[PDB]
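*Asks:* Sharing a structure, written as structure tokens. Questions coming.
Values in this text are rule-based calculations from the coordinates and carry no lab data. Methodologically, a virtual Cβ is constructed for each residue, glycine included, from the backbone with ideal geometry; neighbour enumeration extends over all protein chains shown.
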Amino acid sequence: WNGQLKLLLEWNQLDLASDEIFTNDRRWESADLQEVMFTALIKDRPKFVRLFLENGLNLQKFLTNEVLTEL
Amino acid sequence: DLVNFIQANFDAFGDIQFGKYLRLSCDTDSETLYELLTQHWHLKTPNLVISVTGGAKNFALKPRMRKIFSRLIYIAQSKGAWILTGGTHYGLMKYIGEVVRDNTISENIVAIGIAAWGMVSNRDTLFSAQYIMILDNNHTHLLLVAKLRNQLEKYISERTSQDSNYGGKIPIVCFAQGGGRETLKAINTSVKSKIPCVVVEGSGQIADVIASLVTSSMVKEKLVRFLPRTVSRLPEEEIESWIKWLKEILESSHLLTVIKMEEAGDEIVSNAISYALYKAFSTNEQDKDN
Amino acid sequence: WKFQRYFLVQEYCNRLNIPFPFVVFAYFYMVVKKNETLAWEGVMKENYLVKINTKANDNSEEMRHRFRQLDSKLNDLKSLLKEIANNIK
């Protein structure tokens, strides 16, 4: 799941990612998003940020001291 | 006073305020439970809008689903209807709790949530023991113990009501959105009681399957298309059970109302619920010719 | 004018708020001696965002999407009819 999501994120593909990755057929779990979420903040792709926030991500949990320090 | 009665009716009850909570037994009679709840906790409800969602924590919040459920909560508040839900603090349940909080911040909404005692690990037995840490925080009358909820729903439907018209029977509509097996079983058992159920085909995989349905090969193809992983992981025995449950569901076509994807107007949930209740009242053959 | 009115009103409210001829006493005495709202704001923010979304969606361009869906359904029906005809023969 993680590699497929990363590949889809490499290009600006919103609807394809929503349909294929978050179809709900296979549970993805919210904690797994963190890594890719960080990349979305560096690639300057707000729509994937919206996807991650709407798909169960806890933004406050993501903004850990280490994460903010590095960012 | 009330606690003393509860001691004999049920002991081992914990009230938490940060939010009343109770310990439920299968042998517990729904009639006495409803009588006590009306006596001390809440008032008689003109309507009951139950929600069926997969017990799995994983969920997806689409904008259309969010708007639909916000409209549902608004309608429930306007009509003062009870809401029955699993209440495990995940996905749709968490969104419902947040919506209830937002509505109440801006005359009260009942969000009774029935869950399983075993499924939740933390124990905070009692007087008003309060603990933090699965359970939801925004629900008002969560209680811990499928069969119990159906029994309570049928008892409430049988109970006569002096208001809300509907032939002295409370609407008690059943609402089911999303994809799952337990939601299939809940819809089937609700249909067994003739309660009108409304479904949304926008997101729910099994909900979309049923919406598209309205033979065995067709059902298998639809569920494979909409549940590839579930179909592949599901055993051979479970396939026959699912097929029979869905076929029995399709037997009562009139009760099952569906929401169309084309509809995008503000008033969609109210129209669907009203149409379902009208179908149920007209086609029941009892006090329908009036 | 409204901006300057705010400035002057704040200036008057900020000082001792005493009549001019009787302010010396205040000077001498003072020298000698001397989240519900945020939740409501968030709810209104959500309502405002929903209103903006409704204003944007008021375009009413869904007719083309409905027509495309109807055309796809017609094509599927035609394919089913062709399959039935092939099965017959």
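*Asks:* Report, by residue number, each residue of the stretch C:26-59 that is more than 14 Å from chain B (Cβ to nearest Cβ), surrounded by fewer than 11 Cβ atoms within 10 Å (Cβ to Cβ) and either aromatic (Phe, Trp, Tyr) or closer than 28 Å to B:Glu263 by Cβ (or both). Walk me through how you get there before you give the answer.
*Replies:* Kept after step one, since they are more than 14 Å from chain B (Cβ to nearest Cβ), are these residues of the stretch C:26-59: C:26-34.
Pick out the ones that are also surrounded by fewer than 11 Cβ atoms within 10 Å (Cβ to Cβ) and you get C:28-34.
Result: C:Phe28, C:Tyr29.
*Asks:* Out of (1) of a type outside the set (A, V, I, L, M, F, W, C); (2) more than 17 Å from B:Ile112 (Cβ to Cβ); (3) away from chain A (no Cβ under 14 Å), what's the single condition that is false for B:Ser157?
*Replies:* Condition (2) is where B:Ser157 drops out.
*Asks:* Do we have any residue at all in the stretch C:72-86 that's within 14 Å of chain B (Cβ to nearest Cβ), surrounded by 10 or more Cβ atoms within 10 Å (Cβ to Cβ), within 29 Å of B:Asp266 (Cα to Cα) and over 28 Å from the mean Cα position of the chain (by Cα)?
*Replies:* Scanning the stretch C:72-86 turns up at least one residue that is within 14 Å of chain B (Cβ to nearest Cβ), surrounded by 10 or more Cβ atoms within 10 Å (Cβ to Cβ), within 29 Å of B:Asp266 (Cα to Cα) and over 28 Å from the mean Cα position of the chain (by Cα).
*Asks:* Out of the helices (runs of 4 or more DSSP H) lying entirely within chain A, which hold 3 or more residues that are surrounded by fewer than 12 Cβ atoms within 10 Å (Cβ to Cβ), away from every other protein chain (no Cβ under 13 Å) and over 10 Å from the mean Cα position of the chain (by Cα)?
*Replies:* Helices (runs of 4 or more DSSP H) meeting the threshold: A:2-10, A:59-62, A:65-70.
*Asks:* What number of residues in the stretch B:66-96 are in contact with a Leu (Cβ under 8 Å, 6 or more places away or on another chain), closer than 17 Å to B:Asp266 by Cβ and either crowded, with 22+ Cβ neighbours inside 10 Å or within 12 Å of chain A (Cβ to nearest Cβ) (or both)?
*Replies:* Final tally of qualifying residues: 0.
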